[PDB]
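# no sequence on this one, just coordinates:
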Ligand SMILES: Nc1ncnc2c1ncn2[C@@H]1O[C@H](COP(=O)(O)OP(=O)(O)OP(=O)(O)O)[C@@H](O)[C@H]1O
Ligand SMILES: Nc1ncnc2c1ncn2[C@@H]1O[C@H](COP(=O)(O)OP(=O)(O)OP(=O)(O)O)[C@@H](O)[C@H]1O
Ligand SMILES: Nc1ncnc2c1ncn2[C@@H]1O[C@H](COP(=O)(O)OP(=O)(O)OP(=O)(O)O)[C@@H](O)[C@H]1O
Ligand SMILES: Nc1ncnc2c1ncn2[C@@H]1O[C@H](COP(=O)(O)OP(=O)(O)OP(=O)(O)O)[C@@H](O)[C@H]1O
């Protein structure tokens, strides 16, 4: 023998959707963080008045 | 905080700033104040070594010290008058058990203010191409920018290689015709004398088989000093 | 060559059709000054900001990011090509240690990966189908010869320029350019002579030259520098004066080492008579053969004598006295245990790199040892002989002049190997024949005073001597070690038996 | 005051044999032993472990590793006399 | 604890019985050895010396060569002996001796023993055979000087010197 082979190889990235399209769902989850609180804001002060 | 007052010259206790009163500023201790100009008037990286853990090498320690730590410890102004760039790149070649990694340990961690990044042999090498090599520039990438955006003056960065002969050998004779260890070394060389001409590092290697090591790396400026350490004489002993 | 096209006024080449050069390549031995050059180019010469790539910096694990990082380099310079066809700001690229990224495509040994063939993307990008003009690219390599030549042919890269070692006086410019500032603020004495250095630096190049300088400033400060404090004094008055000589001696290796004649020369040369003069004169008449004549670019000499005559030492003397640019000693010391192939290979490297110079001299010491030779029965290695005997009759290219010596204590073996027929000439070393000649020699040495000289001298002249030096030294020495009276009697009695 | 971690190499000789450009080309994959002797005697004190090693063919092992402090003590156990037996 | 340098124990192997004095021969000989180490220690312009000990067979040669070193009290002694080299092809054999000399060339001075040379270099009379390589390496090393300032002696033994005149190592 007298054999030394030490080797390397390269990676295959699984198609993780591979587009920005993920953002739109992320935009919906923005808005549900965003547009919800003022309901309570005006709710508690509607209840004050 | 007033430090010294001089008259127009006697040094006085209370005086009167007038139009033609020149004033100098100096950043305090443990200060992060970057003052520039020369309306100023200090950093010395070595505060204490009395003696550290060593005997017999009072010649060799003297040589290494004067060569690669004197440019550091000097008036900066005169050295830029001198126009010389600091030597970097210590090498140590000898037989085993002669106290080399001890020596390397003490200077980096006991002599001067930094934490050195140390590779224990290779930690570098990896199954994937390019990221092992990239770890090299992951080493240098905390000190390079630092010089870029502080210029000449900087806190010293250090790299200690150890048993470097394993990772580096003469090209063309490496594990067959092309070689596995060839591209790591072509990066290392590319950075140390690299096109950026960073001045703020010393590379400390150590070996027991220095002939293997490539002259290409050993010529001055990449590693300038190849220093033998050997079996001590009795008085050192 | 490559910047005329930049500098000229545009109309002139507009009448021509030449597509302006893509790139260059420059190479040579290390520490020789090439990366300096490649900084200043692009620092000074162009109005642009360069992008540097370090050699492997391209490589990444995911299969397409390697190439997809190369096209990143050239997208700017191609979009401006598209936008502005005729001219552009000359986006330039700097590779470093390019040999890894580009080597011959048909070698996967040790790689076992296809990503060596990124190169196809590279040169298919550079000229490609899409010509890219108004870009410059420069390569840098220690190893010129491993590159796929598909990108060395002209128009992808025109120039193979090899930066060699500095010339002695050019070395002076390399030196003076550094010392300009050091002198300008008058931290340099007028006593040091840069020429005195530069002649005393045979092969120092570039960084190797600058190393002593950097060291010199260190050694010069350190005196005025000086425990716990390790104070740096305030004293600013200093200069390195004739300490560059001292460190030139001790600290660096040349990087091409000949410096040591010491192992060859313990005692120099005792000038012990007429023969030594005849020899050395024959020698400085022989060295001139090369230098004067262009029809004998190769010349070949033997040194014939008995053993223990120091022939191989004065060979080195005459070499340094020839004062050629490149000299070397092929020793069996440096080559030990080498099987005949490697024992040839070392020699191979010697003559091939020696030919590089416009001249050199080389000595071959103790060929009887180099090519292993023992009677009990003839036995030796032939391959070295064959190679060597060819090398003698290999004429270097285009009058790059050579001188060779070989040494033996025995010619009677050689006339059967037909080596000296191939050698041009041979010169004899007679060894010391008589008491007067000898006594003169050792009184040049000393270590017998006049009483001892005479005490010897009575009975020497009546006798006939056949001796050589290398035995005599050990004799006088070991005899010397004895007690004072005994010294000379023992010397004598040893000579009775040795030369008989 | 930390506690020991002992590590146990059953066969040393196969892993590490002399790295001196011997036994063919550079030993067998000698990068390993370089890493190791940098690790145990490295720039860190690492006062808290002992590694045990065992061979039936000791001479191969590199003296670089065997010196005092990386491994000081190489002992031989030999076929016992009647009492041990 | 043994060491990289000399041992107290390498000797008791080779001299088991010590050296008993049977006469003036023993005196003259080892006194010459003492003379030689003082030559090397004291002198300059003989960085090396070279001696061999001829004897007939079964006349202790190696013992003397050891006791000389043991009396010289030079700091670095590694004997190079065949017993530690067995079966070796000539290549690895010469590597071993050179390894010895290169370690020795580190120290400021040293004493090296070759013993049973005629067995170190393969030798047989019949259709006479030997290793050429080990020969050549050996005797250039005998002719070799270490880096300056350093000093050594090379002691050798054999039971026959006639063939060595024939093989032109004796000079
Ligand atoms: N002045 C000294 N000279 C030599 N050795 C020393 C000295 N002072 C301490 N030592 C001891 O030497 C030991 C080994 O030296 P060091 O730690 O440098 O590793 P080393 O054995 O030199 O490494 P290598 O075997 O790769 O050379 C240290 O662990 C220390 O205990
Ligand atoms: N020709 C030169 N002129 C001025 N300084 C030089 C010269 N050559 C070398 N130097 C010194 O060395 C440095 C340049 O290093 P150099 O160019 O030799 O690396 P290199 O030749 O690229 O090495 P390698 O070819 O092995 O990568 C300069 O900064 C200077 O300190
Ligand atoms: N004129 C001279 N010619 C030759 N050698 C001289 C002369 N003067 C002095 N020597 C001395 O000769 C010594 C070198 O002898 P050396 O061992 O080289 O002889 P040698 O011919 O190489 O021996 P061998 O033939 O065994 O190789 C040097 O120390 C040198 O000083
Ligand atoms: N004063 C002495 N001189 C010589 N030999 C002695 C003396 N005293 C004892 N001896 C014995 O001589 C023996 C020498 O053996 P040695 O190592 O010389 O074998 P050898 O003679 O080299 O073998 P060979 O005869 O094959 O060369 C030692 O075992 C030692 O006990």
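Done, it's in. Numbering: from 1, shown residues only, chains lettered A, B, ... in the order given. Ligands and ions are numbered 1, 2, ... in the order given.
# Return the nearest residue of the stretch 101-250 of chain C with respect to ligand 2.
residue C:206 (2.5 Å; CB to the nearest ligand atom). Where C-beta positions appear, they are placed from N, C-alpha and C, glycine not excepted.
# what's the residue lying closest to that residue once chain neighbours are set aside sitting at in phi/psi?
Residue nearest to residue C:206 in three dimensions, not counting chain neighbours: residue C:33, with 4.0 Å by CB to CB, 6 or more residues apart in numbering or on different chains. Residue C:33 adopts backbone torsions of phi 110, psi 20, taken as degrees, to the nearest 10.
# okay, now the residue of the stretch 101-250 of chain C closest to ligand 2: neighbour count?
Residues lying near residue C:206 (other CB atoms under 10 Å in any protein chain shown) number 25.
# ok, it touching residue C:166?
Yes: with contacts counted by CB atoms under 8 Å, residue C:206 reaches residue C:166, the gap being 6.9 Å.
# where along the chain do the helices fall?
Defaulting to chain A. Remark: helices assigned in chain A by DSSP state H are A:22-34, A:37-48.
# Let me rephrase: I mean chain B.
For chain B, the helices defined by DSSP H occupy B:60-69, B:76-82, B:100-105, B:131-140, B:144-150, B:164-167, B:182-192, B:215-218.
# which stretch among the ones you listed comes nearest ligand 3?
Ligand 3 lies closest, by CB to the nearest ligand atom, to one member of the helices of chain B: helix B:215-218, at 29.4 Å.
# Now do that closest one: everything it contacts.
B:91, B:168, B:185, B:188-189, B:192, B:222-223, B:226, C:30-31, C:142, C:255 (CB atoms under 8 Å, 6 or more residues apart in numbering or on different chains).
# What is the burial count for the closest residue to ligand 1 within chain C?
Residue nearest to ligand 1 within chain C: residue C:227 (18.5 Å; CB to the nearest ligand atom). Other residues near residue C:227 number 8, with proximity taken as other CB under 10 Å.
# Dump the helices of chain B to CSV, plus mean neighbour count and distance to residue C:411.
Output for the helices of chain B, formatted as CSV (neighbours: other CB atoms under 10 Å in any protein chain shown; distance: least, CB to CB, whole Å):
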stretch, mean neighbour count, distance to residue C:411
helix B:60-69, 18, 49
helix B:76-82, 15, 60
helix B:100-105, 20, 51
helix B:131-140, 18, 58
helix B:144-150, 13, 65
helix B:164-167, 23, 46
helix B:182-192, 23, 49
helix B:215-218, 18, 39
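# any residues touching stretch C:176-193, and which ones?
Contacts to stretch C:176-193, defined as CB under 8 Å, 6+ apart, come from residues B:78, B:81-84, C:194, C:210, C:213, C:217, C:238-242, C:244.
# Let me know how buried residue C:402 is, in neighbour terms.
Residue C:402: 24 surrounding residues under other CB under 10 Å.
# sorry, back to before: tell me the buried residues within the contacts of stretch C:176-193.
Buried subset of the contacts of stretch C:176-193 (neighbour count, 16 or more other CB atoms under 10 Å in any protein chain shown): B:81, B:82, B:84, C:210, C:213, C:217, C:238, C:239, C:240, C:244.
# farthest pair in the residues you listed?
Maximum pairwise distance among the buried ones among the contacts of stretch C:176-193 (CB to CB): 19.6 Å, between C:210 and C:238.
# re the thing from before, where do the contact lists of residue C:206 and residue C:166 overlap?
The contact lists of residue C:206 and residue C:166 share C:32, C:33, C:174, where a contact means CB under 8 Å, 6+ apart.
# quick one: which of these is nearest to ligand 4?
residue C:32 (56.3 Å).
# Hmm, that closest one is touching residue C:162, no?
No: judged on CB under 8 Å, residue C:32 makes no contact with residue C:162 at a distance of 9.8 Å.
# Settle it for me: which of those two has more neighbours?
Taking other CB under 10 Å, residue C:32 and residue C:162 do not tie; residue C:32 has more neighbours (22 against 14).
# Now look at stretch C:322-329 and say if it contacts chain E.
No: against chain E, stretch C:322-329 shows no contacts by CB under 8 Å from any CB of the partner chain, the least distance being 13.4 Å.
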